[PDB]
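As C-alpha cells, the structure follows; a few thoughts come after it.
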Amino acid sequence: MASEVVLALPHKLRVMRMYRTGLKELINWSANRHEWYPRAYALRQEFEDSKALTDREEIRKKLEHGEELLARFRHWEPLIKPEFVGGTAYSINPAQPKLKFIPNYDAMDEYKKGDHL
Amino acid sequence: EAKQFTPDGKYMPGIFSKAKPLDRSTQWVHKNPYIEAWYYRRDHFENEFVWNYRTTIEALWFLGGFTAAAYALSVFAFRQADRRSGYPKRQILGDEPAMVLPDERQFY
Amino acid sequence: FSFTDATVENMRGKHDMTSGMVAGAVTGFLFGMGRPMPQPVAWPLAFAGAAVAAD
Amino acid sequence: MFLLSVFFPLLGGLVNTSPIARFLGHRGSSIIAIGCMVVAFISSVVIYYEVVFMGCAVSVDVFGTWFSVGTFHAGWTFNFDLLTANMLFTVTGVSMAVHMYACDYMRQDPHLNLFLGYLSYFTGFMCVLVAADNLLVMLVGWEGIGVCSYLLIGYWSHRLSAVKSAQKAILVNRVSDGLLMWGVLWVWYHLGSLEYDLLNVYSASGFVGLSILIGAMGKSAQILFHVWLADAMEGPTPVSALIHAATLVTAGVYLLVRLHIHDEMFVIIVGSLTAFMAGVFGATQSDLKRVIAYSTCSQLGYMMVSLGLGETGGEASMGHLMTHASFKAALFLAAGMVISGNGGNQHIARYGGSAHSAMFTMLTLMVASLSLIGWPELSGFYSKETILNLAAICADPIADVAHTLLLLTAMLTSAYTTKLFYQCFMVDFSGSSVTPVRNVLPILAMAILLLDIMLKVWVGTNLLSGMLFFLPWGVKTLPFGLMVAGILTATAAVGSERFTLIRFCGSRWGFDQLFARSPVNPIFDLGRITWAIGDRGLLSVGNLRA
Amino acid sequence: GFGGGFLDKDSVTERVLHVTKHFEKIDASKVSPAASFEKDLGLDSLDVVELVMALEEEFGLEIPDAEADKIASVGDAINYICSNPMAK
Amino acid sequence: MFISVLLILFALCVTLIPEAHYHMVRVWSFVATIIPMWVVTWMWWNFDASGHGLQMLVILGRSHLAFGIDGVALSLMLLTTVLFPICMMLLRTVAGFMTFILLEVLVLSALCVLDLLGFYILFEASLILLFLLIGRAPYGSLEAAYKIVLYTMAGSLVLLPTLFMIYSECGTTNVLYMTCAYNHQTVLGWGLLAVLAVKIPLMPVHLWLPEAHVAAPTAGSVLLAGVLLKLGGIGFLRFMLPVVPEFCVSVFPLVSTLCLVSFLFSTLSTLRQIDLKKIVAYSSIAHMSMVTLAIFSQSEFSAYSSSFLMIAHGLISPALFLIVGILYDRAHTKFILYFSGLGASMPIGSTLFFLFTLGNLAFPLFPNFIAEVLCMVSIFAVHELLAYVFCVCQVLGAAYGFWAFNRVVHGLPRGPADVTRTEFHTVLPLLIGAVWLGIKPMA
Amino acid sequence: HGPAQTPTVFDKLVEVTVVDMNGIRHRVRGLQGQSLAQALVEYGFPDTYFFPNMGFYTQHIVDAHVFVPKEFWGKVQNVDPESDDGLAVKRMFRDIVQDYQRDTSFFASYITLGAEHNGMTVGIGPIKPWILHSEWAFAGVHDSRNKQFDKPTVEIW
Amino acid sequence: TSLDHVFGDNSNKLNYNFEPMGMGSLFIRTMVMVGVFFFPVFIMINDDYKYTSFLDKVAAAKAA
Amino acid sequence: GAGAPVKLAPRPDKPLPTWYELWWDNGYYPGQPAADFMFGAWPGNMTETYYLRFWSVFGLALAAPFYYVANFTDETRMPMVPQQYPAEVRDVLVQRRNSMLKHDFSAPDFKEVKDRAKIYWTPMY
Amino acid sequence: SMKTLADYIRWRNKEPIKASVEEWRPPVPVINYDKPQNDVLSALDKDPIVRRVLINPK
Ligand SMILES: CCCCCCCCCCCC(=O)SCCNC(=O)CCNC(=O)[C@H](O)C(C)(C)COP(=O)(O)O
C-alpha cells in the first residue's frame with residue numbers, strides 16, 4: 001500500500017507514480033541497466049494488458065494489489081545520485097552564509113566589559 | 001558604516017550617529033515565540049507532575065527498585081570484602097553490637 | 001494507635017520501632033480511608049515517620 | 001633512529017596543525033607531511049630490519065614516569081620487540097602511501113591541511129600505542145587514535161549522517177574502553193605491574209580474558225560491535241583506508257597477541273561467528289566501500305581464530321595482519337580512484353568498460369583482489385593457508401565448527417571480491433562519468449603498496465611460512481577449490497528466488513534496528529523518567545504559598 | 001564559463017528535442033519548443049513517465065514527484081531545466 | 001597571620017576608591033586578588049613533604065580559629081587563587097568586587113581551618129553573599145538563591161547540635177583533640193554526612209545546584225562549580241575520617257549506594273537537558289559522587305586520588321562555564337537550538353570547547369584521566385563491583401557530551417564570531433594547568 | 001517609514017468619567033500603559049481615596065476602590081485566586097471593604113488603560129477605616145484637603 | 001523556498017507523535033539491558049551461592 | 001566540487017512537542033532523529049516483529065552445532081596427540097589454562113591435568 | 001466536612017491540560033510505499049507478476 005499523500009493522488013497520477021516507482025525499484029533490484037531493459041519492456045507490457053479496464057472495482061483491486069506488491073518490495077539500499085537528498089555527496093561543503101564581523105570589540109567601552117551586579 | 005573610533009583610537013560611543021553602532025548586542029538572535037514557550041515550559045515543567053497510573057508504576061519499579069538493588073549490592077560487596085580479609089561479622093548501622101574497625105595490631 | 005502498638009509489642013515479644021511503624025501505618029490508613037488518592041499512601045507515611053521520629 | 005619512529009609523525013602533525021601552517025599553504029603542508037612520513041618510514045624500516053633479523057630489543061626511558069602513586073607506577077617508557085617492530089613497520093608503510101594518496105585525492109578540498117594534520121596525528125598515536133611497554137600508554141594510544149578517528153570521520157562537519165556515525169562509533173568504542181579499563185584494573189591488582197614483559201600468567205580469574213577480549217572486539221568491530229564500521233564510509237577515502245588497513249581495527253588484535261591471556265573457546269566462537277557474518281554481509285550489498293569494510297571484518301575474524309588457536313596461531317595471526325594491511329589499503333585506494341573517475345558515484349550499478357580509469361589502477365585492484373582471496377602462491381595465500389592448516393589440526397572439538405565456517409567465509413570472500421571486480425570493469429558501462437585521473441602520486445602509492453605485497457611473499461613475515469604441516473592432499477587444495485567455486489559463481493553473477501532471505505541479508509540482519517530500540521530508546525525514557533518524575537516530581541520540594 | 005550554476009537555453013532545447021524523438025508513434029517534424037505531450041505528440045501517461053525518467057538520466061537529475069507531475073509539455077520541462085543549478 | 005591581615009585590609013580599600021578613576025578601580029580590584037596567588041605560591045615553596053603531616057601551625061588563643069596546612073588544603077587554595085582572577089576579569093561593578101573578595105576570604109579561611117566550630121562559622125558566612133549574587137534583579141532567579149540558601153541552612157542547623165554535643169563531650173573544638181577523645185560517633189556522623197551531602201551534590205538532596213549555577217553570572221558560576229563542592233571533600237578528609245571512623249564504616253554501604261544511584265540518575269538525566277548550562281550543571285554531579293566514593297573507599301591512596309579529582313574538576317569545569325558564559329553574553333541566550341555551525345564561526349573557541357569536553361570525559365593527556373584511574377584503583381581495591389559500575393557507565397556521560405558538542409558546533413553556521421583576546425586569556429590558565437598536570441603532574 | 005503623522009499625546013489620550021463618593025462627576029485624562037489609580041492621584045483626589053497594597057514586594061503601590069460597570073468587566077486583567085498575589089487581593093477584600101463589597105468592586109492597580117478604556121465611566125467605592133503604620137492611616141472620615149499627589153514619598157516603613 | 005522545486009518542498013509532514021514508549025516493553029527491555037550489561041554481579045553472586053552450598057554440605061556431613 | 005547549493009531548514013512555526021529533544025536539526029534539510037530507526041519508517045518497511053521472528057530460529061540454527069560438538073565428541077576424534085615436549089619443557093607449557101596441550105589423552109596425569117584447567121571467576125579467600 | 005489539614009494541601013493530582021492547537025512537524029522526504037511489513041512468508045514473494053517482470057524476461 002502507498003502512503004496517505006499518494007492515496008490522495010488522482011487516479012491517473014496515482015497509477016503514474018505507481019509505474020514510476022516500480023521502474024525505480026526495478027532499477028534498484030537490477031544488477032545493471034542492461035538487465036533493467038527487458039524488465040522495463042515487460043513492466044510496460046503488463047500495464048498494456050490493463051489499458052481498457054472500466055469497472056472501477058476491479059481497477060481498484062489491481063491498483064491495491066500492485067501497491068501492496070511495491071510496498072513489500074521497498075529496496076533497503078536505493079540507487080541515488082550523489083548530490084541529491086539521501087546521496088553520499090549531499091551536504092558536504094556549502095557556501096558560507098553571510099556572517100557579520102565585529103572589529104576591535106575589546107577596544108570599545110573599556111573597563112566596562114564585565115557583568116552587572 | 002559608522003565611525004565608533006577616531007583615526008587615532010579613542011572609541012567614540014556615537015550616541016548621535018545616524019548609523020546603527022556595532023556593539024555587544026550586535027550578534028543577538030531573534031527569538032522564536034514557540035521556542036521561548038517551549039523553553040519556559042521545560043524550565044517550569046514542575047507543574048506537570050501528577051500521581052497517575054504510569055508515573056507511580058515507573059517510580060516504584062525503577063527508582064525505588066534500583067535503589068533497593070544498589071543497596072543490597074553494596075551490602076553484598078561489603079560483606080564479601082569482610083570475608084575476603086578474614087574478618088568476622090561487622091556491625092552496620094542497626095546490626096547489634098559487634099566488631100568494628102579491626103585493630104592494626106591484630107593479624108586476621 | 002495505642003492498642004495496635006501494644007498489640008504488636010506483645011506479639012513480637014520484644015521492643016523496637018517496627019511496632020510504632022505498624023501503628024502509624026494503621027492510623028494513617030484509618031484516617032485516610034475515603035479521600036482522594038494521593039492521600040491514602042501519604043497519611044500512613046506521615047504517621048509512621050512521626051512514630052519513627054518519636055522513637 | 002628508534003625514537004624517530006614515534007616522535008617524528010607527531011611533530012609533523014603538530015606543525016601541520018600549528019599556526020605555522022598559515023604561512024605554508026596546502027603545497028607546503030603536503031610537502032611536510034610526505035617528508036615526515038618518509039623519514040619515519042625509513043626509521044621504521046631500519047628498526048624492523050635490526051629487530052626481526054638480528055634480534056635486538058631496545059627499551060627507552062622517554063619522559064621519566066607519568067604517575068606513580070602507591071604501588072601503582074606508570075612511566076613514559078618505550079620498548080621495541082618483534083611485535084612492536086612489526087606493528088610500527090606495517091603502520092608506517094601503510095600510512096606513508098595513505099598520506100601520498102590523500103595529498104592528491106582532496107586537492108580541491110578547502111581545508112586540506114587540517115585533514116593532513118589529523119591523519120598524521122592518527123599515525124603518530126598508533127605509533128604511541130604500539131610503542132607502549134605498559135598498559136597505561138596502551139590506553140593513551142587507544143584513546144588518542146579514537147579521538148583522531150572521531151575528528152577524521154567528522155571532517156565534513158556539514159553532513160549529519162557522518163556526525164551520527166562518528167558519535168555511534170565513539171560510544172561503542174567507549175563501551176569497549178570501559179571494559180578494557182576494568183580489565184586493566186584486574187590485571188594490575190593481581191599482577192602488581194603494568195609492563196607486558198612483567199606479565200606472565202598461567203590461570204587468571206577468567207574476567208581478565210573476558211573483559212580484555214570484549215574491549216578488543218569493540219575496536220576490531222567483531223560480532224555485536226561491527227555496526228559502526230559500515231557507517232564510517234561517510235568519511236573521506238584516506239581515513240577509511242588508514243583505519244581499515246593498519247590502525248584502530250588492528251589495535252585490538254595487537255593487544256590480544258601481546259597479551260595471550262585469552263580463553264580459547266570464547267575467542268574461537270566469537271571469531272567464527274564474526275567471520276561468517278562478515279562473509280554473508282559482503283556479498284549482499286551494492287555499496288563498494290561497505291563490501292571492503294566487511295571484508296576487513298572477515299579478516300579480523302580470521303586473525304581472532306588464529307590467535308585463539310595458540311602461540312603459533314598468534315604469530316600466524318600477526319603475520320596475517322601484516323599481509324592484510326597492505327592489500328586492504330590498496331583496495332580502498334583503488335576503489336577511491338575508480339569512484340573519483342565515476343564523478344563521486346559510490347554505487348556499483350553504474351560502472352563498466354575500461355574507459356573510466358587508468359590501467360595501473362585496474363591492475364592494482366586485480367593484484368589486491370588476487371592476494372586477498374588467497375590465490376595460489378600469493379601474500380594472503382600464505383597466511384590464510386597457514387591459519388587454515390593450523391585450524392584443521394586444532395585439539396578443540398569447538399574448532400571443527402570454526403573450520404567449516406571459515407571455509408564457507410573464504411568461498412564467499414572470493415565470491416563477492418570477484419563480483420566487485422566484475423561490476424567494476426567486466427560488465428558493460430552503465431553510468432555517466434568518465435574523468436580518468438592519472439596523477440603520479442596516487443599511482444606511486446599503489447606501487448608502494450604492491451611492492452610491499454611482493455616483499456611479504458619474497459620475504460616471509462615470520463618462520464611459520466614454509467613450515468609444512470601434514471595434511472591430506474585434498475585438504476590443502478580445499479581453499480583453492482573454494483576460491484575457484486567463488487570465481488565461477490561470481491563470474492556467473494547469478495541470484496536466487498528466495499527473496500525473503502535476500503531482504504534479510506541486505507538489512508545487515510537488522511542489528512542497527514535492534515540496538516536502536518532495545519538499549520537506546522529505553523535509555524532516553526530512563527533519562528526523562530529520572531529528570532521529570534524524580535527531580536521535578538518525587539524529589540521536588542514545592543513552595544508554601546502565602 | 002556561463003551561468004550561475006545554470007546552462008544555456010539552447011543546448012537544453014537541443015537535448016530535449018533529441019530525447020523527444022525516441023518514439024515509434026512520433027513524427028520528427030512535429031516536435032518543437034513548447035509542444036503539448038498528449039494533445040500534440042500523442043503520448044500516454046506511461047510515455048510521459050518514461051520521458052521524465054529519460055530526461056532525468058540525460059541531465060543527471062532526481063526530479064521531485066510533484067514537479068514531475070507538473071511536467072506535461074516540452075516547454076514546461078525545458079523551463080524546469082532552465083531553473084536547475086544541479087543539471088549537467 | 002600578619003600578612004593575611006594586611007591582605008584583608010588591602011582588599012577592603014576598593015570601596016574607599018572614588019568611582020571617578022575607573023582604570024585604577026579595575027587595577028586595584030584585580031591586584032587585590034593577584035596577591036594571594038603569589039602568597040600561596042610562596043607557601044608551596046615553603047612547604048616540606050619530608051616534614052609533619054601538618055605545617056605552618058597557628059592558633060589565635062582561646063578564640064578557636066586553628067589554621068594549619070596539609071597538601072589537600074594547599075592544592076585547593078592554589079586552584080581557587082588561580083580561579084578567582086578570571087572571575088574578577090568578568091565583573092564590572094564594585095559590589096561584585098566586594099562580594100567576591102569576601103567570598104574568597106571566607107573560602108581561604110575555611111580551607112585551612114582546624115576547628116569544627118570554626119569551620120561551621122566561617123563556611124556559611126557567604127550564604128547571604130550567594131543569595132545576593134544569584135538572584136540579581138535583571139537576569140538572576142530569586143528561586144535558585146532561595147533554594148540553595150535553605151538547603152545550606154538546613155544542613156548547618158542539623159549539624160550544629162552534634163558539633164556542640166561533641167564540644168561538650170571533649171571540652172574543646174580542635175580536631176587534634178576531637179580526634180583523640182571517645183565520643184558518640186553516631187550523632188556527629190549523621191550531622192557531618194548531612195552537611196557534606198548537601199554541599200557536595202548528592203541525591204536526593206541536591207536539586208538547588210542546577211538552578212543556582214545556571215541563574216548565576218559567569219564569575220559566580222565558576223566559583224560555585226570549582227570551589228564550594230570541594231569544600232565538601234576537604235570537609236570529609238579533614239574532619240569526618242579523623243574524628244568519627246566507626247560511623248564512617250557503618251554507613252559505608254549507604255554512602256556507596258547513594259553515590260552510585262546519584263551518578264546513574266544524574267548521568268541519565270543529563271541527556272534530556274535542552275540547555276548547555278543545565279548540561280554543564282549535571283556534569284559535575286558524577287564527578288562529586290566519584291570523589292565521595294573514592295574518599296569513602298580508603299583502600300590504598302584515597303585522599304590523594306580524591307584531591308587529584310577535585311583539582312581536575314576545578315580546572316576543567318570552569319572552562320566549560322567560561323565557554324557557556326562567552327556564548328550567552330555574545331548571544332543573549334543559552335538555548336541549544338540557537339547554536340549551530342560554531343566551528344566555522346568560532347574556530348578557536350570551538351576547539352577549546354572540544355578540548356575541555358574531552359577533559360570532562362576523562363581522556364588521556366589530561367589530569368581527569370589519571371584522576372579517575374586513581375579513584376577507580378581505590379574503589380576497585382575495596383570491591384570490584386563498584387569499580388565495574390563506574391566503568392560501565394563511562395559511555396553514558398560522553399554520550400550527551402559529544403551529542404551537545406556536535407549539535408552546537410557542526411552544521412549551519414549561525415551566531416557569534418570567534419573569541420576575543422580577553423576570552424582567550426581567561427581560557428588560558430585552565431588549558432596550561434590541565435596540560436601541565438596531565439603530562440608531568442609529579443616529579 | 002514615510003509620511004506617518006508626528007507622535008502626539010492625543011493618539012494616546014484616554015478619558016474616564018470618575019464620580020466621587022459625594023456624587024460629583026469629574027473629568028480625568030489617562031494614558032496608555034499606566035494604571036488608573038496613578039492618573040487618579042494625578043487628578044487631585046484626596047489621600048483618603050487610596051490605600052497601600054497588601055502584598056509582598058508591592059506595598060509601595062497605591063490603589064483606589066472603584067466600581068466597574070458590566071460592559072468593561074472583561075478588560076480587567078485576570079489574577080489567579082490560588083496565587084499569592086491573589087491571596088493579597090483577597091486580604092484587601094477582607095480588610096478594606098468588609099460589607100461595602102459589591103459585585104462591581106475592583107482595584108484600579110490592575111487596570112491598564114488602553115484604546116477600549118476611552119469613554120469608560122467608574123465611581124469611587126467606600127472603604128472602612130484602616131491603619132498601616134505611623135505615617136499613613138485612615139480615620140474613616142473623608143474630611144481632608146491634602147493631595148495624595150503631594151506626599152513626597154511612599155514609605156512602607 | 002527557492003530550492004523546493006529542486007529538492008522538495010515542506011509539504012510532507014513527519015509521522016511521529018513524540019510519545020513515551022510502551023510501559024511493559026520498556027520494562028522488559030530495561031531488564032534485558034541490565035542482565036546483559038551487569039553480568040559480573042550475577043557471576044559473583046552465583047559463585048558465592050555455590051561456595052556457601054559447598055560449605056552447607058560440608059557442615060551437614062561433618063557433624064553426624 | 002565543493003559549494004553545491006543545499007536546502008536550509010525553515011524554522012518551526014507551531015507549538016513544539018514536550019519531548020522535542022530527539023530530532024536532530026543541523027540547520028540543513030533534511031533533518032534526522034536522535035538515532036536512525038528510532039521512530040518513523042525503516043528502509044524496506046520491515047518491522048521489529050519480522051526480525052524477532054526470523055532470529056528466533058536463526059539464532060538456534062547457528063548455535064546448534066556448537067552445543068552438539070561440545071557435548072557429544074571429545075579429543076579422541078583427532079587422529080594424533082598434540083605436539084610432544086620433554087618433561088622439563090612441557091611442565092611449564094601446560095600450566096597455562098589457555099594452553100592446548102591439556103587435550104593429550106595420552107598424558108600420564110591426563111584427568112588431573114584437565115582437572116586443573118577449569119575456569120573460576122571469583123577469587124577465593 | 002471537618003475542615004482538616006489536607007484541605008490546605010495542594011495535592012498533585014490534577015491532570016495537566018493540553019491544547020488542540022496544531023503541533024509542529026519537521027518536513028521529511030516522501031516515501032511512496034511505507035506500509036509496515038511484518039511477515040517472513042508472504043505469497044507476494046511468489047507472486048506471478050514479479051516472476052513475469054523480473055525472472056521470466058531474458
Ligand atoms: C516488482 C513489481 C511489483 C509489482 C508492480 C505492479 C505490477 C502490477 C501492474 C498491473 C496492474 C496495473 O497495471 S493498474 C491498472 C491501470 N489501468 C486502468 O486502471 C484502466 C485504465 N484507466 C485509466 O484511467 C487510464 O487509461 C490509465 C491507463 C490508467 C492512464 O493512462 P492515461 O493517463 O495516459 O490516459
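Start at 1 and count along the chain as shown; that gives each residue its number.
Method on record in the header is electron microscopy, 5.4 Å.
Each residue, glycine too, has its Cβ placed from N, Cα and C.
Taken from Swiss-Prot as is:
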type     : residues  : note
TRANSMEM : F:1-21    : transmembrane segment
TRANSMEM : F:27-47   : transmembrane segment
TRANSMEM : F:71-91   : transmembrane segment
TRANSMEM : F:148-168 : transmembrane segment
TRANSMEM : F:187-207 : transmembrane segment
TRANSMEM : F:217-237 : transmembrane segment
TRANSMEM : F:247-267 : transmembrane segment
TRANSMEM : F:279-299 : transmembrane segment
TRANSMEM : F:308-328 : transmembrane segment
TRANSMEM : F:335-355 : transmembrane segment
TRANSMEM : F:362-382 : transmembrane segment
TRANSMEM : F:423-443 : transmembrane segment
Chain residues in Cβ proximity to the transmembrane segment (F:148-168) (below 8 Å; excluding those fewer than six residues from its ends, i.e. six or more beyond): 116-117, 120, 123-124, 127-128, 130-131, 134, 178, 183-184, 187-188, 190-192, 194-195, 198-199, 205, 208-209, 211-212, 243
Distant-in-sequence neighbours of the transmembrane segment (F:217-237), which means Cβ under 8 A and at least six residues beyond its ends: 72-73, 76, 79-80, 83-84, 86-88, 90-91, 96, 100, 103, 107, 110-111, 119, 123, 130, 133-134, 136, 139-140, 192, 195-197, 199-201, 209, 277, 280, 284, 288, 291-292, 295-296, 303, 306-307, 310, 313-315, 317-318, 321-322, 324-326, 329
Selection from F:71-91, F:279-299, F:308-328, F:335-355, F:423-443, the stretch that has most Cβ pairs under 8 A to the transmembrane segment (F:247-267): F:279-299
Interface-richest range of F:71-91, F:362-382, F:423-443 toward the transmembrane segment (F:335-355), CB pairs under 8 Å: F:423-443
Leading contact stretch, F:1-21, F:71-91, F:279-299, F:423-443 vs the transmembrane segment (F:362-382) - CB distance under 8 Å: F:279-299
Same-chain residue ranges lying at least 6 outside the transmembrane segment (F:423-443) that approach it to Cβ under 8 Å: 82, 86, 89-90, 308, 311-312, 315-316, 318-319, 322-323, 326, 348-349, 352, 355-356, 359, 364-370
